[PDB]
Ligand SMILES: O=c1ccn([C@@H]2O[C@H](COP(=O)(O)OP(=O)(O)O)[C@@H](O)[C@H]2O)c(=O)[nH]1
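Read the single chain below, which is given as C-alpha cells and is the form solved without uridine-5'-diphosphate.
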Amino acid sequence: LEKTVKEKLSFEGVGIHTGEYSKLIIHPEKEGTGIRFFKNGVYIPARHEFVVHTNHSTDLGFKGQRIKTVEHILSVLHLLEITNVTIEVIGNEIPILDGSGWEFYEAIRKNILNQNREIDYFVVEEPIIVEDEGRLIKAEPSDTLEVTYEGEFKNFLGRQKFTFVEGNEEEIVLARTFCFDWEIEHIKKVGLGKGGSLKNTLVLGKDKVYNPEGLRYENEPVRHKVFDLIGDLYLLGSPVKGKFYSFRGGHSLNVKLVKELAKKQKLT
C-alpha cells in the first residue's frame, strides 16, 4: 500500500559537484501524492519528464529551479517503495554524504509508515533495446524487478558484472559512487566534482586503491552503478517491474530507456 514517512526527517552535507553545503527535509504527504521536491516556494515533481540536464549525475528542474544528483535518493526511495513524500531541498544539489544511500536507507527505514491505499506498480509488457555512445541497454517483461549491469574497467578490476534481484537490495545501498584517477581530471575539467573527496568519492587507481579502507564489495563500483540505474528508473514515479540488462550504460542512456518505456506505454 502507499508508504509515507512516520516522522519528519532531515539530512545535511556538501554536494559532490557543487561542493556547497546543502540540507534536505522530508515531510509526510497525502496518499497518491508521489515524490516531489520543494525549494524557494516552488514544487518540482520527480519524474523523467522533469529531466532538465543529464550527465555524470541526474538533474531535475522546473519554473527556473534546478536540482542536481537526485537519482541517489530516488534509488533508496525506489527500493523502499515510497509513494508520498515532500523532500524540501535547500541548496542546488542533494548532499553526497558518504557517496551511498545507506544513510537515507538507514534512517528512513526506521521511520517508514504505511498508508491506506494500493500502489500502482509499473510493469513492462514489451522489450526494448537502446544503443548509443558504444553503450547498450535492454529491457524485457518480467513478474519480478531484476537489473543486470556489465561494467568493463581497464584497471586491475578488469570486467565485472552484478545482477540485482528482488531480495538483495542490502547489497546495492552501501555501494558509494566511485571514480578513476584518469577520468577525474576530465570530470574536473568540466567544472564538476568540486565537492568530490576521498570521504565521499571512492577513487580507484589503474592498479591501486586510493581510499585506505579498500573496496567494501568485490563488486562495490558495479553495485553502485546498478543502484544508480534503479534511481534513474524510479523516475516513472512508481516501482518498476521487469528484467533489465545494462552494458556500460550511463545516466542519459538510462533515462532514454525510461523515456521510451513511459512514452511507449502511453497508450495504456
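Note that residue numbering follows the sequence shown and begins at 1.
Just so it is clear, the following notes concern the form deposited with uridine-5'-diphosphate bound, a form of the same protein that is not shown.
Contact with uridine-5'-diphosphate in the deposited complex, defined as a heavy atom within 4.5 Å, holds for exactly one of 131, 118, 126, 183, namely 183.
Of the stretches 101 to 109, 175 to 183, 161 to 169, 76 to 84, only 175 to 183 has residues with a heavy atom within 4.5 Å of uridine-5'-diphosphate in the deposited complex.
Although the partner is absent from this view, residue 48 stays clear of uridine-5'-diphosphate in the deposited complex, with no non-hydrogen atom inside 4.5 angstroms. In the deposited complex, residue 248 approaches uridine-5'-diphosphate with a heavy atom inside 4.5 Å.
A residue is said to contact a partner when one of its heavy atoms sits within 4.5 Å of a partner heavy atom; residue 225 meets this definition for uridine-5'-diphosphate in the deposited complex. Among residues of the shown chain, residue 135 is one whose heavy atoms approach uridine-5'-diphosphate to within 4.5 Å in the deposited complex.
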